[PDB]
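[1] sequence first, structure after; it's an experimental one.
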Amino acid sequence: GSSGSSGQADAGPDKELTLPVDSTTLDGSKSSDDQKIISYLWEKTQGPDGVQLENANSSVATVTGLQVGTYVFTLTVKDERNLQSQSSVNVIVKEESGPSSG
């Protein structure tokens, strides 16, 4: 038949930060449309160990202390039907445009 099931877990689009902006927010409020969600988990699968995740157990998580690198955060949520879904997001960090001295 045709496709109907919508996105189970949406960890938002690609995240691109540019110093000094060393912090971002993973708003996953748009994970479901019809079937509500009663589970939220934010963890860093790949990337350098250091960043600090806040409210990981919430639809909206915050990661501070980001550096020029690649941070992969997987979002594991569940629906009324104990449906196990996963959704990661590529977080790239660029350097603050412009030269520097010191």
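    Perfect, I can see it now. Residues are numbered from 1 along each chain as shown.
[2] contacting residues around the spatially most central residue of the chain?
    Central residue of the chain (Cα atoms, centre = their mean): residue 26, 4.2 Å from the mean position. With Cβ atoms under 8 Å, 6 or more residues apart in numbering as the criterion, the residues that contact residue 26 are 11, 12, 15, 42, 60, 61, 62, 63, 73, 75, 89. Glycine gets a C-beta too; all of them are placed from N, C-alpha and C.
[3] repeat for residue 56
    Residue 56 sits next to 41, 42, 43 when contact means Cβ under 8 Å, 6+ apart.
[4] 10 Å - rerun?
    26, 40, 41, 42, 43, 44, 62, 63, 73, 75 (Cβ atoms under 10 Å, 6 or more residues apart in numbering).
[5] so where does residue 61 fall, helix or strand?
    strand 60-64 (DSSP states H and E).
[6] helices and strands around that strand, which ones?
    strand 23-27, strand 42-46, strand 52-54, strand 70-78 (3 or more Cβ pairs under 10 Å, 6 or more residues apart in numbering; DSSP states H and E).
[7] what's the closest of the contacts of residue 56 to residue 19?
    Set against residue 19, the nearest of the contacts of residue 56 by Cβ to Cβ is residue 63 (14.4 Å).
[8] test my guess that the closest one contacts residue 44.
    Yes - with contact defined as Cβ atoms under 10 Å, residue 63 reaches residue 44; the gap is 7.8 Å.
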